[PDB]
Amino acid sequence: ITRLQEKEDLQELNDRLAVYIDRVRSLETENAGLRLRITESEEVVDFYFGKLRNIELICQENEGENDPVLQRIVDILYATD
Amino acid sequence: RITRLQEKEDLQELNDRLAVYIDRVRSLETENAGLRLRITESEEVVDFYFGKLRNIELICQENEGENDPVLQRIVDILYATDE
């Protein structure tokens with residue numbers, strides 16, 4: 001239709017393709033980060049779980065003393081929701 | 001010059017090159033949402049555990065005066081790291 005139109009029919013198509021390579025590329029990097037954020041979370045779950053487990057042990061160890069502070073702690077440990 | 005079959009192939013070829021990019025973005029955006037559920041589901045557990053540890057911290061702090069070595073052992077665990 002125009003000599004300079006075929007220039008912007010060529011360029012429009014080129015820039016449309018570009019934004020797809022820029023999507024795949026940045027979707028690939030977001031994706032990589034999420035894989036590491038998932039490993040970091042699984043690590044923090046264990047780290048916290050370890051603490052709660054050792055705290056449970058110290059409480060079971062002192063069952064005899066019937067300290068109501070330890071019972072309050074145990075009530076927290078075995079809580080739900 | 002342009003053969004009637006080279007214009008049939010140049011068409012299909014492009015229409016396929018574009019098709020593998022939409023199929024990449026698609027499956028990449030699918031994988032991305034599956035990672036997002038995974039990380040939010042893990043973070044929910046992190047928060048549940050964090051909540052207990054934090055409430056336990058408060059109890060040890062309000063009994064600071066008691067100087068109970070059991071509580072000190074407990075706060076030692078709370079502030080502990082692997083180094």
# chains A, B, ... in the order shown; residues from 1 in each chain; ligands from 1
call {"tool": "residues_around", "arguments": {"residues": "region 54-58 of chain B", "least_positions_apart": "5", "cutoff": "9 Å", "atoms": "only C-alpha atoms", "output": "number ranges by chain"}}
result
A: 72-73, 76-77; B: 49, 63, 74-75, 78
call {"tool": "write_last_selection", "arguments": {"atoms": "N, CA and C atoms", "output": "tab-separated table (two decimals), in the first residue's frame"}}
result
chain	number	residue	atom	x	y	z
A	72	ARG	N	1.98	-24.01	79.18
A	72	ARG	CA	1.50	-22.96	78.25
A	72	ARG	C	2.24	-23.09	76.93
A	73	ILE	N	3.52	-23.44	77.04
A	73	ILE	CA	4.42	-23.62	75.87
A	73	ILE	C	3.95	-24.87	75.15
A	76	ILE	N	0.88	-24.34	73.10
A	76	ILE	CA	1.25	-23.64	71.84
A	76	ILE	C	1.74	-24.68	70.84
A	77	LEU	N	2.68	-25.50	71.26
A	77	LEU	CA	3.27	-26.53	70.39
A	77	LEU	C	2.16	-27.37	69.78
B	49	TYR	N	4.62	-22.14	61.97
B	49	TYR	CA	5.76	-22.51	62.85
B	49	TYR	C	6.32	-21.24	63.48
B	63	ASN	N	9.08	-14.05	81.62
B	63	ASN	CA	9.55	-14.77	82.82
B	63	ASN	C	11.03	-14.52	83.06
B	74	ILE	N	15.73	-22.72	76.08
B	74	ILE	CA	14.66	-22.55	75.07
B	74	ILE	C	14.98	-21.31	74.24
B	75	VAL	N	15.36	-20.19	74.85
B	75	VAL	CA	15.65	-18.99	74.01
B	75	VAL	C	16.95	-19.21	73.24
B	78	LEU	N	15.88	-20.67	70.19
B	78	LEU	CA	15.15	-19.70	69.35
B	78	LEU	C	16.15	-18.89	68.55
call {"tool": "interface_residues", "arguments": {"of": "chain B", "to": "chain A", "cutoff": "8 Å", "atoms": "only C-alpha atoms", "output": "list in words"}}
result
residues 21, 24, 25, 28, 29, 31, 32, 35, 36, 38, 39, 42, 43, 45, 46, 49, 50, 52, 53, 55, 56, 59, 70, 74, 77 and 78 of chain B
call {"tool": "select_by_dssp", "arguments": {"residues": "chain A", "states": "alpha helix (DSSP H)", "output": "compact mmCIF listing (two decimals) with N, CA, C and O atoms, in the first residue's frame"}}
result
# COMPACT_ATOMS: atom_id res chain seq x y z
N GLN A 5 5.19 2.19 4.25
CA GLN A 5 4.27 1.33 5.04
C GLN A 5 4.91 -0.06 5.17
O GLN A 5 5.06 -0.56 6.31
N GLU A 6 5.32 -0.64 4.03
CA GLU A 6 6.02 -1.95 4.00
C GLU A 6 7.25 -1.89 4.93
O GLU A 6 7.69 -2.96 5.37
N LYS A 7 7.75 -0.70 5.26
CA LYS A 7 8.86 -0.49 6.24
C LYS A 7 8.35 -0.64 7.68
O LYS A 7 9.11 -1.16 8.51
N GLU A 8 7.10 -0.21 7.95
CA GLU A 8 6.46 -0.28 9.30
C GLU A 8 5.61 -1.55 9.42
O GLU A 8 5.25 -1.90 10.56
N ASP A 9 5.32 -2.24 8.31
CA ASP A 9 4.66 -3.57 8.31
C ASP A 9 5.73 -4.59 8.71
O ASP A 9 5.35 -5.59 9.35
N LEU A 10 6.99 -4.32 8.32
CA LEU A 10 8.22 -5.13 8.57
C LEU A 10 8.66 -4.91 10.01
O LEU A 10 8.98 -5.88 10.71
N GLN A 11 8.70 -3.63 10.40
CA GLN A 11 9.14 -3.20 11.74
C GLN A 11 8.09 -3.53 12.79
O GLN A 11 8.48 -3.96 13.88
N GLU A 12 6.81 -3.31 12.49
CA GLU A 12 5.75 -3.63 13.47
C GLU A 12 5.86 -5.11 13.79
O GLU A 12 5.92 -5.45 14.99
N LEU A 13 5.91 -5.95 12.76
CA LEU A 13 6.04 -7.42 12.95
C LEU A 13 7.30 -7.71 13.77
O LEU A 13 7.22 -8.50 14.74
N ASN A 14 8.44 -7.12 13.42
CA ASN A 14 9.70 -7.35 14.16
C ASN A 14 9.53 -7.02 15.65
O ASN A 14 9.90 -7.85 16.48
N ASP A 15 9.01 -5.84 16.00
CA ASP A 15 8.86 -5.45 17.43
C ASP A 15 7.84 -6.37 18.13
O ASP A 15 8.08 -6.68 19.31
N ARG A 16 6.77 -6.83 17.46
CA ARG A 16 5.78 -7.79 18.05
C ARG A 16 6.52 -9.06 18.41
O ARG A 16 6.27 -9.57 19.49
N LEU A 17 7.39 -9.56 17.53
CA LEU A 17 8.10 -10.82 17.81
C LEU A 17 8.98 -10.57 19.03
O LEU A 17 8.96 -11.39 19.95
N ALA A 18 9.66 -9.43 19.04
CA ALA A 18 10.62 -9.04 20.09
C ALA A 18 9.96 -9.20 21.46
O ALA A 18 10.47 -9.93 22.31
N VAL A 19 8.83 -8.54 21.65
CA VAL A 19 8.20 -8.55 22.99
C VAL A 19 7.89 -9.99 23.42
O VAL A 19 7.76 -10.20 24.63
N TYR A 20 7.82 -10.96 22.50
CA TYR A 20 7.62 -12.40 22.84
C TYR A 20 8.94 -13.02 23.32
O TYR A 20 8.90 -13.82 24.25
N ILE A 21 10.06 -12.68 22.70
CA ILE A 21 11.38 -13.21 23.13
C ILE A 21 11.69 -12.58 24.49
O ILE A 21 12.25 -13.29 25.34
N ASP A 22 11.29 -11.33 24.71
CA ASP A 22 11.52 -10.60 25.98
C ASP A 22 10.63 -11.19 27.08
O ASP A 22 11.01 -11.09 28.25
N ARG A 23 9.48 -11.77 26.71
CA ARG A 23 8.56 -12.40 27.68
C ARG A 23 9.18 -13.73 28.08
O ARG A 23 9.45 -13.92 29.27
N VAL A 24 9.42 -14.60 27.11
CA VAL A 24 10.03 -15.93 27.38
C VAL A 24 11.29 -15.73 28.23
O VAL A 24 11.44 -16.42 29.21
N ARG A 25 12.15 -14.77 27.89
CA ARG A 25 13.42 -14.54 28.61
C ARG A 25 13.16 -14.13 30.08
O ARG A 25 13.85 -14.66 30.98
N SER A 26 12.24 -13.21 30.34
CA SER A 26 11.98 -12.71 31.71
C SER A 26 11.08 -13.71 32.46
O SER A 26 11.16 -13.75 33.70
N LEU A 27 10.28 -14.50 31.75
CA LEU A 27 9.43 -15.55 32.36
C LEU A 27 10.33 -16.70 32.81
O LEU A 27 10.01 -17.37 33.80
N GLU A 28 11.44 -16.87 32.10
CA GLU A 28 12.46 -17.88 32.39
C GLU A 28 13.22 -17.47 33.63
O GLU A 28 13.62 -18.37 34.39
N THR A 29 13.51 -16.18 33.78
CA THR A 29 14.29 -15.74 34.96
C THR A 29 13.35 -15.69 36.18
O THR A 29 13.76 -16.15 37.28
N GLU A 30 12.12 -15.23 36.03
CA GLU A 30 11.19 -15.27 37.18
C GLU A 30 11.14 -16.73 37.67
O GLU A 30 11.25 -16.96 38.89
N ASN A 31 10.99 -17.64 36.73
CA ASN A 31 10.83 -19.09 36.97
C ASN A 31 12.01 -19.63 37.80
O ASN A 31 11.75 -20.38 38.79
N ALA A 32 13.25 -19.24 37.44
CA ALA A 32 14.50 -19.63 38.13
C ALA A 32 14.50 -19.14 39.59
O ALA A 32 14.74 -19.95 40.53
N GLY A 33 14.23 -17.87 39.79
CA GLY A 33 14.08 -17.30 41.13
C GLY A 33 13.11 -18.11 41.97
O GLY A 33 13.44 -18.39 43.15
N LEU A 34 11.94 -18.43 41.42
CA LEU A 34 10.88 -19.16 42.19
C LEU A 34 11.41 -20.52 42.61
O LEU A 34 11.06 -20.96 43.68
N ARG A 35 12.21 -21.17 41.78
CA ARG A 35 12.80 -22.49 42.12
C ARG A 35 13.70 -22.35 43.36
O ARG A 35 13.68 -23.24 44.19
N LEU A 36 14.43 -21.25 43.46
CA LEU A 36 15.32 -21.00 44.61
C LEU A 36 14.51 -20.53 45.81
O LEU A 36 14.91 -20.81 46.94
N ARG A 37 13.44 -19.79 45.58
CA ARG A 37 12.62 -19.27 46.68
C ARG A 37 11.93 -20.51 47.23
O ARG A 37 11.86 -20.62 48.49
N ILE A 38 11.53 -21.47 46.39
CA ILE A 38 10.90 -22.69 46.96
C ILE A 38 11.96 -23.45 47.79
O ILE A 38 11.62 -23.82 48.96
N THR A 39 13.21 -23.60 47.33
CA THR A 39 14.21 -24.35 48.17
C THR A 39 14.48 -23.59 49.49
O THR A 39 14.56 -24.20 50.52
N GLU A 40 14.57 -22.27 49.44
CA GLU A 40 14.83 -21.45 50.63
C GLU A 40 13.72 -21.65 51.66
O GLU A 40 14.07 -21.82 52.83
N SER A 41 12.45 -21.63 51.23
CA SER A 41 11.26 -21.88 52.11
C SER A 41 11.32 -23.29 52.71
O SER A 41 11.17 -23.46 53.89
N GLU A 42 11.61 -24.31 51.92
CA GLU A 42 11.66 -25.69 52.43
C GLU A 42 12.75 -25.81 53.51
O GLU A 42 12.60 -26.63 54.36
N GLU A 43 13.82 -25.05 53.41
CA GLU A 43 14.94 -25.00 54.36
C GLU A 43 14.45 -24.31 55.65
O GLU A 43 14.71 -24.77 56.80
N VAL A 44 13.79 -23.17 55.50
CA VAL A 44 13.27 -22.45 56.66
C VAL A 44 12.21 -23.30 57.37
O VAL A 44 12.28 -23.37 58.63
N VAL A 45 11.37 -24.03 56.64
CA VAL A 45 10.44 -24.97 57.30
C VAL A 45 11.22 -25.93 58.20
O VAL A 45 10.82 -26.14 59.36
N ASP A 46 12.31 -26.50 57.70
CA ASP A 46 13.04 -27.51 58.52
C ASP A 46 13.64 -26.82 59.74
O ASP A 46 13.74 -27.45 60.78
N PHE A 47 14.11 -25.60 59.58
CA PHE A 47 14.93 -24.91 60.58
C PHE A 47 14.03 -24.64 61.77
O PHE A 47 14.42 -24.91 62.88
N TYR A 48 12.83 -24.19 61.45
CA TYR A 48 11.80 -23.85 62.44
C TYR A 48 11.30 -25.15 63.06
O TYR A 48 11.07 -25.22 64.27
N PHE A 49 11.08 -26.16 62.24
CA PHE A 49 10.53 -27.44 62.73
C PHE A 49 11.49 -28.06 63.75
O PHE A 49 11.05 -28.62 64.78
N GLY A 50 12.79 -27.92 63.47
CA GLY A 50 13.84 -28.41 64.38
C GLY A 50 13.74 -27.79 65.77
O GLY A 50 13.93 -28.50 66.78
N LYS A 51 13.50 -26.48 65.79
CA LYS A 51 13.40 -25.69 67.02
C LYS A 51 12.20 -26.20 67.83
O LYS A 51 12.34 -26.53 68.99
N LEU A 52 11.09 -26.38 67.15
CA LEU A 52 9.82 -26.75 67.79
C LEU A 52 9.92 -28.16 68.32
O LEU A 52 9.37 -28.47 69.36
N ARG A 53 10.68 -28.95 67.65
CA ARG A 53 10.93 -30.34 68.05
C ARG A 53 11.84 -30.31 69.29
O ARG A 53 11.59 -31.10 70.22
N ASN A 54 12.87 -29.47 69.34
CA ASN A 54 13.82 -29.50 70.49
C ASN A 54 13.14 -28.88 71.71
O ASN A 54 13.41 -29.24 72.88
N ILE A 55 12.27 -27.92 71.44
CA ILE A 55 11.53 -27.27 72.53
C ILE A 55 10.60 -28.32 73.13
O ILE A 55 10.62 -28.44 74.33
N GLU A 56 9.95 -29.11 72.29
CA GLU A 56 9.08 -30.23 72.75
C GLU A 56 9.86 -31.17 73.64
O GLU A 56 9.31 -31.61 74.61
N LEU A 57 11.11 -31.47 73.30
CA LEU A 57 11.96 -32.38 74.09
C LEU A 57 12.19 -31.74 75.46
O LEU A 57 12.04 -32.44 76.44
N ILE A 58 12.60 -30.49 75.53
CA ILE A 58 12.95 -29.84 76.82
C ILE A 58 11.73 -29.85 77.74
O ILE A 58 11.87 -30.05 78.95
N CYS A 59 10.56 -29.64 77.18
CA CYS A 59 9.29 -29.71 77.91
C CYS A 59 9.03 -31.15 78.40
O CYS A 59 8.70 -31.31 79.57
N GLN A 60 9.18 -32.17 77.57
CA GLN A 60 8.89 -33.58 77.97
C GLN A 60 9.84 -34.00 79.11
O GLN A 60 9.46 -34.80 79.97
N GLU A 61 11.03 -33.45 79.08
CA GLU A 61 12.14 -33.70 80.02
C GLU A 61 11.75 -33.23 81.43
O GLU A 61 12.23 -33.82 82.42
N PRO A 68 3.56 -24.37 85.09
CA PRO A 68 2.47 -23.97 84.20
C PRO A 68 2.97 -23.14 83.02
O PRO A 68 2.23 -23.05 82.04
N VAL A 69 4.20 -22.59 83.10
CA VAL A 69 4.83 -21.85 81.95
C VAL A 69 5.15 -22.88 80.86
O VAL A 69 4.88 -22.60 79.69
N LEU A 70 5.58 -24.07 81.24
CA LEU A 70 5.93 -25.11 80.26
C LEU A 70 4.64 -25.67 79.69
O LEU A 70 4.64 -26.04 78.49
N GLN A 71 3.58 -25.71 80.49
CA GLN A 71 2.31 -26.27 80.00
C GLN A 71 1.77 -25.29 78.95
O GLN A 71 1.23 -25.71 77.93
N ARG A 72 1.98 -24.01 79.18
CA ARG A 72 1.50 -22.96 78.25
C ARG A 72 2.24 -23.09 76.93
O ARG A 72 1.65 -22.83 75.86
N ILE A 73 3.52 -23.44 77.04
CA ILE A 73 4.42 -23.62 75.87
C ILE A 73 3.95 -24.87 75.15
O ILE A 73 3.83 -24.82 73.95
N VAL A 74 3.67 -25.92 75.89
CA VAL A 74 3.22 -27.18 75.27
C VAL A 74 1.88 -26.94 74.58
O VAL A 74 1.65 -27.54 73.53
N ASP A 75 1.03 -26.11 75.14
CA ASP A 75 -0.32 -25.86 74.58
C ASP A 75 -0.15 -25.18 73.22
O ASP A 75 -0.95 -25.46 72.32
N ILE A 76 0.88 -24.34 73.10
CA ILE A 76 1.25 -23.64 71.84
C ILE A 76 1.74 -24.68 70.84
O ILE A 76 1.25 -24.69 69.70
N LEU A 77 2.68 -25.50 71.26
CA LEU A 77 3.27 -26.53 70.39
C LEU A 77 2.16 -27.37 69.78
O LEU A 77 2.21 -27.55 68.55
call {"tool": "decode", "arguments": {"residues": "region 21-60 of chain A", "atoms": "N, CA and C atoms", "output": "CSV table (one decimal), in the first residue's frame"}}
result
chain,number,residue,atom,x,y,z
A,21,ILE,N,10.1,-12.7,22.7
A,21,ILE,CA,11.4,-13.2,23.1
A,21,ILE,C,11.7,-12.6,24.5
A,22,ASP,N,11.3,-11.3,24.7
A,22,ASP,CA,11.5,-10.6,26.0
A,22,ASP,C,10.6,-11.2,27.1
A,23,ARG,N,9.5,-11.8,26.7
A,23,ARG,CA,8.6,-12.4,27.7
A,23,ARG,C,9.2,-13.7,28.1
A,24,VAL,N,9.4,-14.6,27.1
A,24,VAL,CA,10.0,-15.9,27.4
A,24,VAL,C,11.3,-15.7,28.2
A,25,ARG,N,12.1,-14.8,27.9
A,25,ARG,CA,13.4,-14.5,28.6
A,25,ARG,C,13.2,-14.1,30.1
A,26,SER,N,12.2,-13.2,30.3
A,26,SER,CA,12.0,-12.7,31.7
A,26,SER,C,11.1,-13.7,32.5
A,27,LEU,N,10.3,-14.5,31.7
A,27,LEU,CA,9.4,-15.6,32.4
A,27,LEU,C,10.3,-16.7,32.8
A,28,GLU,N,11.4,-16.9,32.1
A,28,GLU,CA,12.5,-17.9,32.4
A,28,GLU,C,13.2,-17.5,33.6
A,29,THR,N,13.5,-16.2,33.8
A,29,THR,CA,14.3,-15.7,35.0
A,29,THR,C,13.4,-15.7,36.2
A,30,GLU,N,12.1,-15.2,36.0
A,30,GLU,CA,11.2,-15.3,37.2
A,30,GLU,C,11.1,-16.7,37.7
A,31,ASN,N,11.0,-17.6,36.7
A,31,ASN,CA,10.8,-19.1,37.0
A,31,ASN,C,12.0,-19.6,37.8
A,32,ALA,N,13.2,-19.2,37.4
A,32,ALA,CA,14.5,-19.6,38.1
A,32,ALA,C,14.5,-19.1,39.6
A,33,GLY,N,14.2,-17.9,39.8
A,33,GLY,CA,14.1,-17.3,41.1
A,33,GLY,C,13.1,-18.1,42.0
A,34,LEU,N,11.9,-18.4,41.4
A,34,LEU,CA,10.9,-19.2,42.2
A,34,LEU,C,11.4,-20.5,42.6
A,35,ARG,N,12.2,-21.2,41.8
A,35,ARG,CA,12.8,-22.5,42.1
A,35,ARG,C,13.7,-22.3,43.4
A,36,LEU,N,14.4,-21.3,43.5
A,36,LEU,CA,15.3,-21.0,44.6
A,36,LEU,C,14.5,-20.5,45.8
A,37,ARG,N,13.4,-19.8,45.6
A,37,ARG,CA,12.6,-19.3,46.7
A,37,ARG,C,11.9,-20.5,47.2
A,38,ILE,N,11.5,-21.5,46.4
A,38,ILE,CA,10.9,-22.7,47.0
A,38,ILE,C,12.0,-23.5,47.8
A,39,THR,N,13.2,-23.6,47.3
A,39,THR,CA,14.2,-24.4,48.2
A,39,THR,C,14.5,-23.6,49.5
A,40,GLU,N,14.6,-22.3,49.4
A,40,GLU,CA,14.8,-21.4,50.6
A,40,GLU,C,13.7,-21.7,51.7
A,41,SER,N,12.4,-21.6,51.2
A,41,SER,CA,11.3,-21.9,52.1
A,41,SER,C,11.3,-23.3,52.7
A,42,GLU,N,11.6,-24.3,51.9
A,42,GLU,CA,11.7,-25.7,52.4
A,42,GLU,C,12.7,-25.8,53.5
A,43,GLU,N,13.8,-25.1,53.4
A,43,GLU,CA,14.9,-25.0,54.4
A,43,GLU,C,14.4,-24.3,55.7
A,44,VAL,N,13.8,-23.2,55.5
A,44,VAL,CA,13.3,-22.5,56.7
A,44,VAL,C,12.2,-23.3,57.4
A,45,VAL,N,11.4,-24.0,56.6
A,45,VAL,CA,10.4,-25.0,57.3
A,45,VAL,C,11.2,-25.9,58.2
A,46,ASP,N,12.3,-26.5,57.7
A,46,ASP,CA,13.0,-27.5,58.5
A,46,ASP,C,13.6,-26.8,59.7
A,47,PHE,N,14.1,-25.6,59.6
A,47,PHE,CA,14.9,-24.9,60.6
A,47,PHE,C,14.0,-24.6,61.8
A,48,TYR,N,12.8,-24.2,61.4
A,48,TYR,CA,11.8,-23.8,62.4
A,48,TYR,C,11.3,-25.2,63.1
A,49,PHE,N,11.1,-26.2,62.2
A,49,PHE,CA,10.5,-27.4,62.7
A,49,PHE,C,11.5,-28.1,63.7
A,50,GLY,N,12.8,-27.9,63.5
A,50,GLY,CA,13.8,-28.4,64.4
A,50,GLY,C,13.7,-27.8,65.8
A,51,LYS,N,13.5,-26.5,65.8
A,51,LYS,CA,13.4,-25.7,67.0
A,51,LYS,C,12.2,-26.2,67.8
A,52,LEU,N,11.1,-26.4,67.2
A,52,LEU,CA,9.8,-26.8,67.8
A,52,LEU,C,9.9,-28.2,68.3
A,53,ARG,N,10.7,-29.0,67.6
A,53,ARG,CA,10.9,-30.3,68.1
A,53,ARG,C,11.8,-30.3,69.3
A,54,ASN,N,12.9,-29.5,69.3
A,54,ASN,CA,13.8,-29.5,70.5
A,54,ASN,C,13.1,-28.9,71.7
A,55,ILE,N,12.3,-27.9,71.4
A,55,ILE,CA,11.5,-27.3,72.5
A,55,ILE,C,10.6,-28.3,73.1
A,56,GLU,N,9.9,-29.1,72.3
A,56,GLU,CA,9.1,-30.2,72.7
A,56,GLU,C,9.9,-31.2,73.6
A,57,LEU,N,11.1,-31.5,73.3
A,57,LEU,CA,12.0,-32.4,74.1
A,57,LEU,C,12.2,-31.7,75.5
A,58,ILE,N,12.6,-30.5,75.5
A,58,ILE,CA,13.0,-29.8,76.8
A,58,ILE,C,11.7,-29.8,77.7
A,59,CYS,N,10.6,-29.6,77.2
A,59,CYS,CA,9.3,-29.7,77.9
A,59,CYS,C,9.0,-31.2,78.4
A,60,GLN,N,9.2,-32.2,77.6
A,60,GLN,CA,8.9,-33.6,78.0
A,60,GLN,C,9.8,-34.0,79.1
